[PDB]
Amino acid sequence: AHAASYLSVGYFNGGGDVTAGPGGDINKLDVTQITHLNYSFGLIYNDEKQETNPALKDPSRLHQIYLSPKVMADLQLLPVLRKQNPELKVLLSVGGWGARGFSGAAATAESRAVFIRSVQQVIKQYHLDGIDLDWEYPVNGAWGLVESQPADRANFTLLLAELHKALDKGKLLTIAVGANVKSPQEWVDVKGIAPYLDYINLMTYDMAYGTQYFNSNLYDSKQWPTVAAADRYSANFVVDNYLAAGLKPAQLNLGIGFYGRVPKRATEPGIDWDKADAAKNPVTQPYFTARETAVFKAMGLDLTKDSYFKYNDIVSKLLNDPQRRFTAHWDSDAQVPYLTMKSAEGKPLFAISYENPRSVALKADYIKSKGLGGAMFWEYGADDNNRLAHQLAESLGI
């Protein structure tokens, strides 16, 4: 009797990101193609001893939000964006990969009150529609990259309950959560925080690690299978894990990557920690040689440090490489594209998987069939002339 309504929540790396690099130009974005913009990132002033950003070590602002000069200048521009799309909602996202300070901000009644006052101050100064918290990750700390403790799980629940209480009615409160199965199991009380959140952004990407080839496959590949069980991920598997934990599909946005990654399997031995003497007996071995790593390095991707390739750069540098070194393929099971490069021996080598318009549309179909609330994407600055956002908008009837 009536049509569904869907969200399309676009993160934008405006201030810079640890894995994705320097911030983009906010003026390039087509804000008519999205329902919500998550301007990224606000950081957190913190007392973590390993913090290397000295601005954040100001003890007089501990637990408050830090906005860099570029973030402040870009947020000046919201009136212009809202005139372009008067239905747009704009949030600040706080955190991101490698961002410190959540564990300490969440830890006490006092610290949470300082952080919440700062959220309110920023929302009011910059006239935001809400706040998104991208803590990567409670309890796990991204394997040591940020401070963490087991109390983060319950403390995050308290922070969200208190922030929900403090926010003006009508303001949005959202979070991003990880793909890892331990996130709903051990890091985040998803069922307990659900009542406080307008929606939850699933980061259903960054799967091209360990023995897995694909970065954002919808289902598992059969032609290019992951070998170790602990590495075997797909977007659908992640969604099912979150549904198993008691979230309703309508509250979830499926995260879509406007980028790809060269799999770690290309350059690093893959270890299956379920195996006997695992580290000495890798189950996959690297198939890139100096020849292939040199190609990526020349494009600015040093694979010893980084595997992230923006979609617009995949199009310009890989698909449209003048030397024709990259061949485009489709994985029919995974429902995503990938490129190969030809070895000196003549064998196709799996170089990178990503999302193109066909695969973004197939993830929208999944959203529609599974009854998810919408899509989210990381991130708008990596789109090619707003094309992937436009596909999403079309597919979801935005």
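Start at 1 and count along the sequence shown; that's the residue number. The term rigid core refers to the most C-alpha atoms you can superpose between the two forms while keeping them within 1.5 Å.
- Stretch comparison, 274 to 282 versus 170 to 178: after rigid core superposition, larger RMS CA deviation in 4 other deposited structures of this protein is found for 274 to 282.
- As the entry records it, the average C-alpha temperature factor is higher for 289 to 297, out of 114 to 122 and 289 to 297.
- In this crystal structure, the stretch out of 128 to 136 and 276 to 284 whose C-alpha atoms carry the higher mean B factor is 276 to 284.
- Considering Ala244, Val90, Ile314, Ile200 together, the PDB entry gives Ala244 the largest C-alpha B factor.
- In this structure the maximum Cα B-factor among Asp220, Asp306, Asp321, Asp206 is found at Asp306.
- Among the modelled residues of the chain, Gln76 sits in the highest third by CA temperature factor in this PDB entry.
- Annotation for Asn180: CA B-factor lies in the middle third of the chain's modelled residues.
- In the deposited entry, the Cα temperature factor of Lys370 sits in the top third of values across the chain's modelled residues.
- In the PDB entry, a CA B factor belonging to the highest third of its chain's modelled residues is recorded for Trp187.
- Among all modelled residues in this chain, the alpha-carbon of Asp383 has a temperature factor (C-alpha) in the middle third.
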